[PDB]
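See below for my_file-v4.cif, which holds mmCIF, C-alpha atoms; chains and numbers go by the auth columns.
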data_work
#
loop_
_atom_site.group_PDB
_atom_site.id
_atom_site.type_symbol
_atom_site.label_atom_id
_atom_site.label_comp_id
_atom_site.label_asym_id
_atom_site.label_seq_id
_atom_site.Cartn_x
_atom_site.Cartn_y
_atom_site.Cartn_z
_atom_site.B_iso_or_equiv
_atom_site.auth_seq_id
_atom_site.auth_asym_id
ATOM 1 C CA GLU A 1 -9.915 -15.715 -32.778 0.00 24 A
ATOM 2 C CA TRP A 2 -12.005 -14.283 -29.789 0.00 25 A
ATOM 3 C CA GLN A 3 -14.503 -16.729 -28.117 0.00 26 A
ATOM 4 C CA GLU A 4 -16.937 -15.879 -25.216 0.00 27 A
ATOM 5 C CA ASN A 5 -17.105 -18.439 -22.281 0.00 28 A
ATOM 6 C CA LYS A 6 -20.061 -17.479 -19.982 0.00 29 A
ATOM 7 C CA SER A 7 -19.450 -20.473 -17.619 0.00 30 A
ATOM 8 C CA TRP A 8 -16.653 -18.312 -15.892 0.00 31 A
ATOM 9 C CA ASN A 9 -19.441 -15.951 -14.543 0.00 32 A
ATOM 10 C CA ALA A 10 -19.999 -18.683 -11.839 0.00 33 A
ATOM 11 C CA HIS A 11 -16.652 -17.676 -10.221 0.00 34 A
ATOM 12 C CA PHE A 12 -17.710 -13.959 -10.040 0.00 35 A
ATOM 13 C CA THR A 13 -21.308 -14.823 -8.747 0.00 36 A
ATOM 14 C CA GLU A 14 -20.036 -17.240 -6.036 0.00 37 A
ATOM 15 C CA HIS A 15 -17.739 -14.398 -4.712 0.00 38 A
ATOM 16 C CA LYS A 16 -20.527 -11.698 -4.851 0.00 39 A
ATOM 17 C CA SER A 17 -18.492 -9.867 -7.603 0.00 40 A
ATOM 18 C CA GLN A 18 -18.735 -8.439 -11.151 0.00 41 A
ATOM 19 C CA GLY A 19 -15.845 -8.222 -13.696 0.00 42 A
ATOM 20 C CA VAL A 20 -13.961 -9.757 -16.653 0.00 43 A
ATOM 21 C CA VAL A 21 -11.093 -12.296 -17.165 0.00 44 A
ATOM 22 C CA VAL A 22 -9.272 -12.386 -20.577 0.00 45 A
ATOM 23 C CA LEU A 23 -6.867 -15.289 -21.517 0.00 46 A
ATOM 24 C CA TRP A 24 -4.609 -15.645 -24.672 0.00 47 A
ATOM 25 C CA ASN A 25 -3.128 -19.067 -25.675 0.00 48 A
ATOM 26 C CA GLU A 26 0.263 -18.125 -27.355 0.00 49 A
ATOM 27 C CA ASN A 27 0.787 -21.501 -29.229 0.00 50 A
ATOM 28 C CA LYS A 28 -2.768 -21.457 -30.779 0.00 51 A
ATOM 29 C CA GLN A 29 -3.048 -17.610 -31.222 0.00 52 A
ATOM 30 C CA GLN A 30 -6.616 -17.636 -29.661 0.00 53 A
ATOM 31 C CA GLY A 31 -8.374 -15.447 -27.034 0.00 54 A
ATOM 32 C CA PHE A 32 -11.139 -16.342 -24.472 0.00 55 A
ATOM 33 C CA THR A 33 -13.266 -14.075 -22.128 0.00 56 A
ATOM 34 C CA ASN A 34 -16.521 -14.279 -20.058 0.00 57 A
ATOM 35 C CA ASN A 35 -17.593 -10.790 -21.464 0.00 58 A
ATOM 36 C CA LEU A 36 -16.474 -9.347 -24.884 0.00 59 A
ATOM 37 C CA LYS A 37 -18.004 -5.882 -24.113 0.00 60 A
ATOM 38 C CA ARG A 38 -16.192 -5.303 -20.726 0.00 61 A
ATOM 39 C CA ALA A 39 -12.951 -6.920 -22.183 0.00 62 A
ATOM 40 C CA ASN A 40 -12.774 -3.847 -24.588 0.00 63 A
ATOM 41 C CA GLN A 41 -13.803 -1.170 -22.017 0.00 64 A
ATOM 42 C CA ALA A 42 -10.894 1.198 -21.106 0.00 65 A
ATOM 43 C CA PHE A 43 -10.152 2.266 -17.464 0.00 66 A
ATOM 44 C CA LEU A 44 -7.339 4.044 -15.577 0.00 67 A
ATOM 45 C CA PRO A 45 -4.340 1.627 -15.257 0.00 68 A
ATOM 46 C CA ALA A 46 -3.460 2.698 -11.666 0.00 69 A
ATOM 47 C CA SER A 47 -0.440 0.609 -10.402 0.00 70 A
ATOM 48 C CA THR A 48 -0.358 -1.580 -13.611 0.00 71 A
ATOM 49 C CA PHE A 49 1.343 1.622 -15.058 0.00 72 A
ATOM 50 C CA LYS A 50 4.425 0.625 -13.025 0.00 73 A
ATOM 51 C CA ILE A 51 5.341 -1.730 -15.901 0.00 74 A
ATOM 52 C CA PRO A 52 5.769 0.990 -18.658 0.00 75 A
ATOM 53 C CA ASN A 53 7.072 3.581 -16.095 0.00 76 A
ATOM 54 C CA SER A 54 9.930 1.123 -15.040 0.00 77 A
ATOM 55 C CA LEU A 55 10.931 0.424 -18.718 0.00 78 A
ATOM 56 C CA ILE A 56 11.140 4.199 -19.601 0.00 79 A
ATOM 57 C CA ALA A 57 13.135 5.071 -16.392 0.00 80 A
ATOM 58 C CA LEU A 58 15.700 2.212 -17.068 0.00 81 A
ATOM 59 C CA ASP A 59 16.154 3.009 -20.850 0.00 82 A
ATOM 60 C CA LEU A 60 16.846 6.795 -20.092 0.00 83 A
ATOM 61 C CA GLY A 61 19.196 6.024 -17.136 0.00 84 A
ATOM 62 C CA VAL A 62 16.837 7.605 -14.506 0.00 85 A
ATOM 63 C CA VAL A 63 17.247 4.135 -12.800 0.00 86 A
ATOM 64 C CA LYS A 64 20.721 2.525 -13.142 0.00 87 A
ATOM 65 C CA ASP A 65 19.670 -1.120 -12.343 0.00 88 A
ATOM 66 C CA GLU A 66 17.514 -3.366 -10.023 0.00 89 A
ATOM 67 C CA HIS A 67 20.001 -2.890 -7.011 0.00 90 A
ATOM 68 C CA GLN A 68 20.051 0.965 -6.898 0.00 91 A
ATOM 69 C CA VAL A 69 18.547 2.218 -3.552 0.00 92 A
ATOM 70 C CA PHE A 70 15.843 4.969 -3.419 0.00 93 A
ATOM 71 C CA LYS A 71 15.904 6.478 0.143 0.00 94 A
ATOM 72 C CA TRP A 72 12.645 7.156 2.090 0.00 95 A
ATOM 73 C CA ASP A 73 11.925 10.966 1.852 0.00 96 A
ATOM 74 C CA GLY A 74 11.106 10.904 5.656 0.00 97 A
ATOM 75 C CA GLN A 75 7.268 11.413 5.428 0.00 98 A
ATOM 76 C CA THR A 76 4.922 8.855 7.130 0.00 99 A
ATOM 77 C CA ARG A 77 2.044 7.601 4.892 0.00 100 A
ATOM 78 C CA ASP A 78 -0.897 5.237 5.584 0.00 101 A
ATOM 79 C CA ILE A 79 0.813 2.109 4.011 0.00 102 A
ATOM 80 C CA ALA A 80 3.593 0.904 6.419 0.00 103 A
ATOM 81 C CA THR A 81 5.723 -0.884 3.701 0.00 104 A
ATOM 82 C CA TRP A 82 6.128 2.560 1.917 0.00 105 A
ATOM 83 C CA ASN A 83 7.957 4.101 4.981 0.00 106 A
ATOM 84 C CA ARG A 84 11.467 2.663 4.177 0.00 107 A
ATOM 85 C CA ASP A 85 14.251 2.451 1.531 0.00 108 A
ATOM 86 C CA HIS A 86 13.446 0.458 -1.668 0.00 109 A
ATOM 87 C CA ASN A 87 14.993 -0.874 -4.888 0.00 110 A
ATOM 88 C CA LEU A 88 13.059 -1.577 -8.140 0.00 111 A
ATOM 89 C CA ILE A 89 12.266 -5.218 -6.983 0.00 112 A
ATOM 90 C CA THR A 90 10.680 -4.116 -3.628 0.00 113 A
ATOM 91 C CA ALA A 91 9.061 -0.895 -5.097 0.00 114 A
ATOM 92 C CA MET A 92 7.140 -3.112 -7.625 0.00 115 A
ATOM 93 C CA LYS A 93 6.333 -5.791 -4.935 0.00 116 A
ATOM 94 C CA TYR A 94 4.795 -3.244 -2.413 0.00 117 A
ATOM 95 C CA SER A 95 3.373 -0.809 -5.156 0.00 118 A
ATOM 96 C CA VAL A 96 5.359 2.162 -3.655 0.00 119 A
ATOM 97 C CA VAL A 97 3.664 5.189 -5.406 0.00 120 A
ATOM 98 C CA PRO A 98 6.049 7.957 -4.148 0.00 121 A
ATOM 99 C CA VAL A 99 9.165 6.180 -5.650 0.00 122 A
ATOM 100 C CA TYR A 100 7.397 6.025 -9.101 0.00 123 A
ATOM 101 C CA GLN A 101 6.133 9.678 -8.772 0.00 124 A
ATOM 102 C CA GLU A 102 9.804 10.810 -8.481 0.00 125 A
ATOM 103 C CA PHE A 103 10.661 8.699 -11.636 0.00 126 A
ATOM 104 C CA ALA A 104 7.892 10.513 -13.612 0.00 127 A
ATOM 105 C CA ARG A 105 9.123 14.047 -12.616 0.00 128 A
ATOM 106 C CA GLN A 106 12.718 13.147 -13.727 0.00 129 A
ATOM 107 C CA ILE A 107 11.381 11.701 -17.054 0.00 130 A
ATOM 108 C CA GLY A 108 9.234 14.894 -17.666 0.00 131 A
ATOM 109 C CA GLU A 109 6.024 15.403 -19.800 0.00 132 A
ATOM 110 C CA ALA A 110 7.620 15.578 -23.278 0.00 133 A
ATOM 111 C CA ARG A 111 9.739 12.346 -22.957 0.00 134 A
ATOM 112 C CA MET A 112 6.869 10.454 -21.144 0.00 135 A
ATOM 113 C CA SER A 113 4.395 11.331 -23.944 0.00 136 A
ATOM 114 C CA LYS A 114 6.752 10.407 -26.833 0.00 137 A
ATOM 115 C CA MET A 115 7.946 7.108 -25.157 0.00 138 A
ATOM 116 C CA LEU A 116 4.309 5.932 -24.493 0.00 139 A
ATOM 117 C CA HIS A 117 3.481 6.579 -28.261 0.00 140 A
ATOM 118 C CA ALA A 118 6.325 4.082 -29.107 0.00 141 A
ATOM 119 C CA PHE A 119 4.664 1.286 -26.935 0.00 142 A
ATOM 120 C CA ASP A 120 1.128 1.978 -28.418 0.00 143 A
ATOM 121 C CA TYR A 121 -0.117 1.970 -24.756 0.00 144 A
ATOM 122 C CA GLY A 122 -3.926 2.443 -24.477 0.00 145 A
ATOM 123 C CA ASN A 123 -5.246 5.837 -25.764 0.00 146 A
ATOM 124 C CA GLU A 124 -1.621 7.230 -25.469 0.00 147 A
ATOM 125 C CA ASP A 125 -3.051 10.329 -23.612 0.00 148 A
ATOM 126 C CA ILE A 126 -1.070 11.673 -20.535 0.00 149 A
ATOM 127 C CA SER A 127 -3.133 14.866 -19.804 0.00 150 A
ATOM 128 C CA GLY A 128 -3.103 15.903 -16.092 0.00 151 A
ATOM 129 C CA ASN A 129 -0.207 16.154 -13.536 0.00 152 A
ATOM 130 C CA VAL A 130 3.065 14.529 -14.796 0.00 153 A
ATOM 131 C CA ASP A 131 3.252 12.662 -11.387 0.00 154 A
ATOM 132 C CA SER A 132 -0.418 11.332 -11.124 0.00 155 A
ATOM 133 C CA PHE A 133 -1.944 11.090 -14.675 0.00 156 A
ATOM 134 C CA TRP A 134 -2.186 7.218 -14.331 0.00 157 A
ATOM 135 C CA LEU A 135 -4.250 7.666 -11.058 0.00 158 A
ATOM 136 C CA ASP A 136 -6.515 10.723 -11.936 0.00 159 A
ATOM 137 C CA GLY A 137 -5.644 11.984 -15.506 0.00 160 A
ATOM 138 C CA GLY A 138 -6.640 11.142 -19.110 0.00 161 A
ATOM 139 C CA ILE A 139 -4.821 7.764 -19.789 0.00 162 A
ATOM 140 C CA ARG A 140 -7.198 4.772 -20.383 0.00 163 A
ATOM 141 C CA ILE A 141 -6.479 1.069 -21.325 0.00 164 A
ATOM 142 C CA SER A 142 -8.707 -2.056 -21.815 0.00 165 A
ATOM 143 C CA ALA A 143 -7.975 -5.733 -20.836 0.00 166 A
ATOM 144 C CA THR A 144 -7.426 -6.754 -24.519 0.00 167 A
ATOM 145 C CA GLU A 145 -4.940 -3.752 -24.838 0.00 168 A
ATOM 146 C CA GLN A 146 -2.996 -4.919 -21.654 0.00 169 A
ATOM 147 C CA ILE A 147 -2.583 -8.348 -23.389 0.00 170 A
ATOM 148 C CA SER A 148 -1.139 -6.722 -26.661 0.00 171 A
ATOM 149 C CA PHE A 149 1.371 -4.729 -24.599 0.00 172 A
ATOM 150 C CA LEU A 150 2.370 -7.772 -22.414 0.00 173 A
ATOM 151 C CA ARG A 151 2.985 -10.075 -25.461 0.00 174 A
ATOM 152 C CA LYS A 152 5.440 -7.465 -26.865 0.00 175 A
ATOM 153 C CA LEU A 153 7.273 -7.263 -23.466 0.00 176 A
ATOM 154 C CA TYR A 154 7.436 -11.133 -23.259 0.00 177 A
ATOM 155 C CA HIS A 155 9.106 -11.395 -26.776 0.00 178 A
ATOM 156 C CA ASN A 156 11.459 -8.352 -26.073 0.00 179 A
ATOM 157 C CA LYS A 157 9.778 -6.422 -29.005 0.00 180 A
ATOM 158 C CA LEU A 158 9.103 -3.011 -27.336 0.00 181 A
ATOM 159 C CA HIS A 159 11.456 -0.329 -28.804 0.00 182 A
ATOM 160 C CA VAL A 160 13.822 -0.300 -25.739 0.00 183 A
ATOM 161 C CA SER A 161 16.924 -2.413 -24.794 0.00 184 A
ATOM 162 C CA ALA A 162 16.556 -6.221 -24.239 0.00 185 A
ATOM 163 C CA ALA A 163 18.325 -5.646 -20.849 0.00 186 A
ATOM 164 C CA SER A 164 15.575 -3.134 -19.713 0.00 187 A
ATOM 165 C CA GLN A 165 12.832 -5.635 -20.691 0.00 188 A
ATOM 166 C CA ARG A 166 14.619 -8.538 -18.841 0.00 189 A
ATOM 167 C CA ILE A 167 15.013 -6.453 -15.603 0.00 190 A
ATOM 168 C CA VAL A 168 11.259 -5.425 -15.583 0.00 191 A
ATOM 169 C CA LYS A 169 10.144 -9.084 -16.242 0.00 192 A
ATOM 170 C CA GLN A 170 12.346 -10.202 -13.230 0.00 193 A
ATOM 171 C CA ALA A 171 10.704 -7.442 -11.075 0.00 194 A
ATOM 172 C CA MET A 172 7.179 -8.826 -12.060 0.00 195 A
ATOM 173 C CA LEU A 173 8.000 -12.374 -10.689 0.00 196 A
ATOM 174 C CA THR A 174 5.106 -13.280 -8.280 0.00 197 A
ATOM 175 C CA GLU A 175 5.001 -17.116 -7.908 0.00 198 A
ATOM 176 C CA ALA A 176 6.984 -20.214 -9.092 0.00 199 A
ATOM 177 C CA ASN A 177 7.067 -24.008 -8.428 0.00 200 A
ATOM 178 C CA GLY A 178 7.607 -27.285 -10.400 0.00 201 A
ATOM 179 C CA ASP A 179 4.213 -26.775 -12.261 0.00 202 A
ATOM 180 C CA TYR A 180 4.248 -23.077 -13.431 0.00 203 A
ATOM 181 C CA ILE A 181 5.712 -19.525 -13.201 0.00 204 A
ATOM 182 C CA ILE A 182 3.540 -16.311 -12.797 0.00 205 A
ATOM 183 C CA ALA A 183 4.915 -12.842 -13.678 0.00 206 A
ATOM 184 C CA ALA A 184 2.200 -10.182 -12.987 0.00 207 A
ATOM 185 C CA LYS A 185 1.256 -6.767 -11.528 0.00 208 A
ATOM 186 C CA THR A 186 -1.830 -5.718 -9.432 0.00 209 A
ATOM 187 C CA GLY A 187 -3.676 -2.372 -9.598 0.00 210 A
ATOM 188 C CA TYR A 188 -6.378 -0.489 -7.611 0.00 211 A
ATOM 189 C CA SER A 189 -8.012 2.699 -9.119 0.00 212 A
ATOM 190 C CA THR A 190 -9.876 4.643 -6.304 0.00 213 A
ATOM 191 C CA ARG A 191 -9.579 8.390 -7.323 0.00 214 A
ATOM 192 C CA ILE A 192 -12.144 8.355 -10.227 0.00 215 A
ATOM 193 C CA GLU A 193 -15.403 6.254 -10.406 0.00 216 A
ATOM 194 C CA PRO A 194 -15.907 3.458 -11.130 0.00 217 A
ATOM 195 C CA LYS A 195 -13.450 2.078 -8.480 0.00 218 A
ATOM 196 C CA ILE A 196 -11.761 -1.087 -9.920 0.00 219 A
ATOM 197 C CA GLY A 197 -9.090 -3.756 -9.232 0.00 220 A
ATOM 198 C CA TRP A 198 -6.659 -5.154 -11.898 0.00 221 A
ATOM 199 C CA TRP A 199 -4.326 -8.208 -12.242 0.00 222 A
ATOM 200 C CA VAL A 200 -2.339 -8.553 -15.548 0.00 223 A
ATOM 201 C CA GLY A 201 0.581 -10.898 -16.497 0.00 224 A
ATOM 202 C CA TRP A 202 1.247 -14.433 -17.813 0.00 225 A
ATOM 203 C CA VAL A 203 1.580 -18.103 -16.746 0.00 226 A
ATOM 204 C CA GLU A 204 4.729 -19.741 -18.257 0.00 227 A
ATOM 205 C CA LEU A 205 4.459 -23.607 -18.600 0.00 228 A
ATOM 206 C CA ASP A 206 7.105 -26.069 -20.021 0.00 229 A
ATOM 207 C CA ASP A 207 5.601 -25.915 -23.588 0.00 230 A
ATOM 208 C CA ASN A 208 3.242 -22.820 -23.754 0.00 231 A
ATOM 209 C CA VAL A 209 2.510 -19.326 -22.289 0.00 232 A
ATOM 210 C CA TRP A 210 -0.984 -18.065 -21.230 0.00 233 A
ATOM 211 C CA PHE A 211 -1.337 -14.233 -21.033 0.00 234 A
ATOM 212 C CA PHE A 212 -4.095 -12.878 -18.702 0.00 235 A
ATOM 213 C CA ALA A 213 -5.777 -9.524 -17.831 0.00 236 A
ATOM 214 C CA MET A 214 -8.723 -9.192 -15.363 0.00 237 A
ATOM 215 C CA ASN A 215 -10.543 -6.209 -13.814 0.00 238 A
ATOM 216 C CA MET A 216 -13.457 -6.152 -11.304 0.00 239 A
ATOM 217 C CA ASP A 217 -15.658 -3.627 -9.421 0.00 240 A
ATOM 218 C CA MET A 218 -13.954 -2.751 -6.072 0.00 241 A
ATOM 219 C CA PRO A 219 -16.373 -0.484 -4.107 0.00 242 A
ATOM 220 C CA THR A 220 -14.150 -1.076 -0.978 0.00 243 A
ATOM 221 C CA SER A 221 -10.696 -2.594 -0.238 0.00 244 A
ATOM 222 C CA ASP A 222 -12.169 -5.746 1.488 0.00 245 A
ATOM 223 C CA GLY A 223 -12.311 -7.621 -1.897 0.00 246 A
ATOM 224 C CA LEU A 224 -8.641 -7.018 -3.030 0.00 247 A
ATOM 225 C CA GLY A 225 -7.659 -10.754 -2.515 0.00 248 A
ATOM 226 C CA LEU A 226 -10.350 -11.656 -5.118 0.00 249 A
ATOM 227 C CA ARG A 227 -8.216 -10.171 -8.032 0.00 250 A
ATOM 228 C CA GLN A 228 -5.864 -13.225 -7.711 0.00 251 A
ATOM 229 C CA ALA A 229 -8.423 -15.778 -6.299 0.00 252 A
ATOM 230 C CA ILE A 230 -11.036 -15.420 -9.141 0.00 253 A
ATOM 231 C CA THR A 231 -8.253 -15.528 -11.841 0.00 254 A
ATOM 232 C CA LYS A 232 -6.828 -18.806 -10.287 0.00 255 A
ATOM 233 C CA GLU A 233 -10.359 -20.417 -10.254 0.00 256 A
ATOM 234 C CA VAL A 234 -10.571 -19.783 -14.091 0.00 257 A
ATOM 235 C CA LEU A 235 -6.967 -21.117 -14.629 0.00 258 A
ATOM 236 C CA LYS A 236 -7.849 -24.344 -12.588 0.00 259 A
ATOM 237 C CA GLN A 237 -11.152 -24.860 -14.534 0.00 260 A
ATOM 238 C CA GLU A 238 -9.243 -24.622 -17.901 0.00 261 A
ATOM 239 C CA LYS A 239 -6.513 -27.120 -16.581 0.00 262 A
ATOM 240 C CA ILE A 240 -3.676 -24.541 -17.068 0.00 263 A
ATOM 241 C CA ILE A 241 -2.655 -24.915 -13.346 0.00 264 A
ATOM 242 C CA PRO A 242 -3.421 -27.880 -11.007 0.00 265 A
#

Hey, can you dump this file as structure tokens for me?
Amino acid sequence: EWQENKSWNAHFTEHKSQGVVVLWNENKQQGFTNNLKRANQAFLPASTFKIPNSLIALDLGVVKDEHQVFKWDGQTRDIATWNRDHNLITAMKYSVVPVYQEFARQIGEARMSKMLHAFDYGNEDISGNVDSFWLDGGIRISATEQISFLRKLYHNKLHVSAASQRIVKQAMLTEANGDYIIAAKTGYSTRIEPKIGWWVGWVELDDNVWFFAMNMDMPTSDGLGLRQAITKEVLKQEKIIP
């Protein structure tokens, strides 16, 4: 049910990179990766934690819906797109950390901990500050664990409302055309070594769904475009996208 495909290493080597891509074929119930060991290594989730954070904040009524406006607190920060008003759609699109830090404080430690246990998310450990544990605390998740969590979200089987799950899946929409749809989230963990980049989500076709999770070494921010580019080279090679 898990097969290793070392030919995908060519895509990492040609881009002067090191990492893992994991794919799951939903119709055939089979997994594929270039590296079984790194596929089961657990890291900080960084901004991929926006998926479970959104679901918990909607189910508890901390966020009313995808149109509610969260006003800029007034403080300038290094990322320009953060210095304005946002809704859930634009906060996910531009990875707006301060909006999600406010969500976490309103949820509080006790509810965050007990809701994550329900989703069986990684090592289920939230030790550290209630508003940064996913950036520099004790929570850890592997690429094969991201896939388990995403399949449950896709089939509306997490223990929250169907409506909450549909709103978060809409907010993950990244790309669509006549050939495929991609729903996904990026991450970048820089506070604790080793510094890594993430991309997790799925490709919906007419007759099948392909789940994916990838992470890669990211010693500096110059390689961030490679999260998406290396994943799309694997998808083209396997004939999932043209």

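Of the listed residues A:91, A:215, A:233, A:148, the one whose atoms come nearest to residue A:177 is A:233, with distances taken using only C-alpha atoms.
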
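For the set A:191, A:166, A:122, A:102, the residue with the smallest atom-to-atom gap to residue A:75 is A:191, counting only C-alpha atoms.
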
Show me, as a count of residues only, the residues that have an atom within 12 Å of residue A:209 when counting only C-alpha atoms, minus same-chain residues fewer than 5 positions from it. 31

When the PyMOL selection byres ((chain A and resi 95) around 9) is applied to the structure above, which residues does it catch, written out as a CSV table (one decimal) with C-alpha atoms, in the frame of the given file?
chain,number,residue,atom,x,y,z
A,93,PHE,CA,15.8,5.0,-3.4
A,94,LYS,CA,15.9,6.5,0.1
A,96,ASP,CA,11.9,11.0,1.9
A,97,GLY,CA,11.1,10.9,5.7
A,98,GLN,CA,7.3,11.4,5.4
A,105,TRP,CA,6.1,2.6,1.9
A,106,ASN,CA,8.0,4.1,5.0
A,107,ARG,CA,11.5,2.7,4.2
A,108,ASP,CA,14.3,2.5,1.5
A,109,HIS,CA,13.4,0.5,-1.7
A,122,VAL,CA,9.2,6.2,-5.6

Do you know which residues lie at most 12 Å from (-4.0, -18.9, -36.0), with coordinates as in the file and all atoms listed in the file counted, and could you write them as a list in words?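 The requested residues, written out, are residues 24, 25, 47, 48, 49, 50, 51, 52, 53 and 54 of chain A.
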
| request: Decode the PyMOL selection byres ((chain A and resi 127) around 12) for the given file into explicit residues and return them as a PyMOL selection string. | output: chain A and resi 72-73+75-81+83+85-86+120-126+128-136+149+152-157

Since the input has fewer atoms than a full residue there, write stretch 65-78 of chain A out with N, CA, C and O atoms, as an mmCIF file, in the frame of the given file.
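Full text of result.cif as output:
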data_model
loop_
_atom_site.group_PDB
_atom_site.id
_atom_site.type_symbol
_atom_site.label_atom_id
_atom_site.label_comp_id
_atom_site.auth_asym_id
_atom_site.auth_seq_id
_atom_site.Cartn_x
_atom_site.Cartn_y
_atom_site.Cartn_z
ATOM 1 N N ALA A 65 -12.182 0.605 -21.516
ATOM 2 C CA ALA A 65 -10.894 1.198 -21.106
ATOM 3 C C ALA A 65 -11.081 1.878 -19.749
ATOM 4 O O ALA A 65 -12.115 2.474 -19.539
ATOM 5 N N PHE A 66 -10.123 1.722 -18.848
ATOM 6 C CA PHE A 66 -10.152 2.266 -17.464
ATOM 7 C C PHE A 66 -8.795 2.908 -17.187
ATOM 8 O O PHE A 66 -7.862 2.681 -17.949
ATOM 9 N N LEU A 67 -8.664 3.649 -16.092
ATOM 10 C CA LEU A 67 -7.339 4.044 -15.577
ATOM 11 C C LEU A 67 -6.528 2.780 -15.270
ATOM 12 O O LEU A 67 -7.073 1.823 -14.709
ATOM 13 N N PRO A 68 -5.212 2.755 -15.600
ATOM 14 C CA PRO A 68 -4.340 1.627 -15.257
ATOM 15 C C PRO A 68 -3.938 1.513 -13.784
ATOM 16 O O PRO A 68 -3.590 0.404 -13.344
ATOM 17 N N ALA A 69 -3.920 2.638 -13.064
ATOM 18 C CA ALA A 69 -3.460 2.698 -11.666
ATOM 19 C C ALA A 69 -2.077 2.002 -11.604
ATOM 20 O O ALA A 69 -1.263 2.245 -12.511
ATOM 21 N N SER A 70 -1.806 1.136 -10.630
ATOM 22 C CA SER A 70 -0.440 0.609 -10.402
ATOM 23 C C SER A 70 0.010 -0.359 -11.510
ATOM 24 O O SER A 70 1.224 -0.691 -11.511
ATOM 25 N N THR A 71 -0.855 -0.829 -12.417
ATOM 26 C CA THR A 71 -0.358 -1.580 -13.611
ATOM 27 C C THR A 71 0.550 -0.686 -14.486
ATOM 28 O O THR A 71 1.300 -1.244 -15.318
ATOM 29 N N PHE A 72 0.506 0.639 -14.309
ATOM 30 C CA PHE A 72 1.343 1.622 -15.058
ATOM 31 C C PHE A 72 2.790 1.519 -14.586
ATOM 32 O O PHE A 72 3.692 2.019 -15.273
ATOM 33 N N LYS A 73 3.042 0.841 -13.449
ATOM 34 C CA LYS A 73 4.425 0.625 -13.025
ATOM 35 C C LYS A 73 5.225 -0.193 -14.053
ATOM 36 O O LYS A 73 6.449 -0.049 -14.144
ATOM 37 N N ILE A 74 4.574 -0.976 -14.918
ATOM 38 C CA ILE A 74 5.341 -1.730 -15.901
ATOM 39 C C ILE A 74 5.944 -0.769 -16.944
ATOM 40 O O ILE A 74 7.170 -0.685 -17.055
ATOM 41 N N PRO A 75 5.171 0.032 -17.714
ATOM 42 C CA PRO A 75 5.769 0.990 -18.658
ATOM 43 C C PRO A 75 6.647 2.089 -18.031
ATOM 44 O O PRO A 75 7.667 2.466 -18.613
ATOM 45 N N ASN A 76 6.289 2.567 -16.840
ATOM 46 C CA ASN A 76 7.072 3.581 -16.095
ATOM 47 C C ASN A 76 8.493 3.038 -15.811
ATOM 48 O O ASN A 76 9.476 3.788 -16.064
ATOM 49 N N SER A 77 8.624 1.800 -15.303
ATOM 50 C CA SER A 77 9.930 1.123 -15.040
ATOM 51 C C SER A 77 10.775 1.056 -16.331
ATOM 52 O O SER A 77 11.986 1.345 -16.264
ATOM 53 N N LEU A 78 10.189 0.622 -17.450
ATOM 54 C CA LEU A 78 10.931 0.424 -18.718
ATOM 55 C C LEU A 78 11.508 1.762 -19.209
ATOM 56 O O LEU A 78 12.684 1.757 -19.664
#
